[PDB]
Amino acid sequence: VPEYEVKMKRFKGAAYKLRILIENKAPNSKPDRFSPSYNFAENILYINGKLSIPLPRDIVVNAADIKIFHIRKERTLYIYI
């Protein structure tokens, strides 16, 4: 079973306003399956069955500009909005 931990960090004067780090801390283990989706009315970014990141309400969100990178070795998702 995965053990996800989330960090969020805000930015000024950059192409993005927000970075979200999702990190799997479970030792043993299983490969991470990710099919994220963005709900416009809720302003929530769903990551998978377990995990959802509501987005700060003071940020303009363009689903086209949501950038999600996955580094497998680190088992880390980097999300830039």
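Note that residue numbering follows the sequence shown and begins at 1.
Judged by mean Cα B factor in the deposited record, 24-32 ranks above the other of 52-60 and 24-32. Looking only at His70, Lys67, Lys73, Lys9, the residue with the top Cα B factor in the deposited structure is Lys73. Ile81: CA B factor lies in the middle third for its chain, per the PDB record. Per-chain ranking of the deposited C-alpha B factor places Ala14 in the highest third.
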